Ligand SMILES: [Zn+2]
Ligand SMILES: [Zn+2]
Ligand SMILES: [Zn+2]
Ligand SMILES: [Zn+2]
Ligand SMILES: [Zn+2]
Ligand SMILES: [Zn+2]
Ligand SMILES: [Zn+2]
């Protein structure tokens with residue numbers, strides 16, 4: 001089934017939090033990478049996560065506000081007006097036939 | 001030492017071959033995913049490759065002419081006009097702070 005991302009809530013007050021959820025995770029997943037923007041881009045990588053070891057490693061775009069959970073959910077806290085826009089998840093699979101999906105939220 | 005892709009040769013005769021090589025591979029690499037086009041996109045995945053097991057899995061853009069190697073290079077033989085343009089490699093790393101790079105060749 002097709003990986004999709006949903007922000008809850010979509011519309012977020014500045015200084016509050018958003019949770020980005022993934023639906024239809026693939027069965028053979030081994031880990032995750034979250035990105036700022038609409039495209040998988042290593043300079044825009046917020047955090048990587050290995051399921052088996054439960055290790056999160058910040059990427060270049062990490063800002064001290066993002067936490068990734070084992071089901072791929074991403075919490076971003078202390079959102080600012082500059083955060084409005086798109087976010088992209090990759091689910092890394094054991095055969096490296098990886099999947100990705102993009103979602104968005106809005107800060108007011 | 002940013003990851004980069006180069007085609008050898010850059011100008012490729014139809015029916016001959018091209019090698020896409022990668023410079024500055026990360027040390028903690030665990031595998032590779034090659035794509036047709038300018039981004040990581042599952043609909044354009046040529047092949048995924050796990051270094052440890054040497055298992056290659058084709059994606060939708062696989063054409064039977066591409067081979068992937070432990071040094072991350074992609075060899076395309078019997079090049080056709082459909083093959084021109086951009087290709088993107090993602091190097092999957094053990095921390096999933098993955099890196100990608102894009103290159104191109106021209107067929108004549
Ligand atoms: Zn699925
Ligand atoms: Zn980039
Ligand atoms: Zn406000
Ligand atoms: Zn607005
Ligand atoms: Zn305002
Ligand atoms: Zn070179
Ligand atoms: Zn490097």
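Residue positions begin at 1 at the first shown residue.
Backbone N, Cα and C define each Cβ position, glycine as well.
These features come from Swiss-Prot:
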type     : residues : note
CARBOHYD : A:71     : N-linked glycosylation site
CARBOHYD : A:78     : N-linked glycosylation site
CARBOHYD : A:82     : N-linked glycosylation site
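For the pair residue A:78 (N-linked glycosylation site) and residue A:71 (N-linked glycosylation site), the C-alpha distance works out to 22 angstrom. In the shown protein chains, 11 other C-beta atoms lie within 10 A of the C-beta of residue A:71 (N-linked glycosylation site). Within the group of glycosylation sites (A:78, A:82), the Cβ with the highest number of other Cβ atoms inside 10 Å belongs to A:78. Taking CA atoms as the reference points, residue A:82 (N-linked glycosylation site) and residue A:71 (N-linked glycosylation site) are 26 Å apart.
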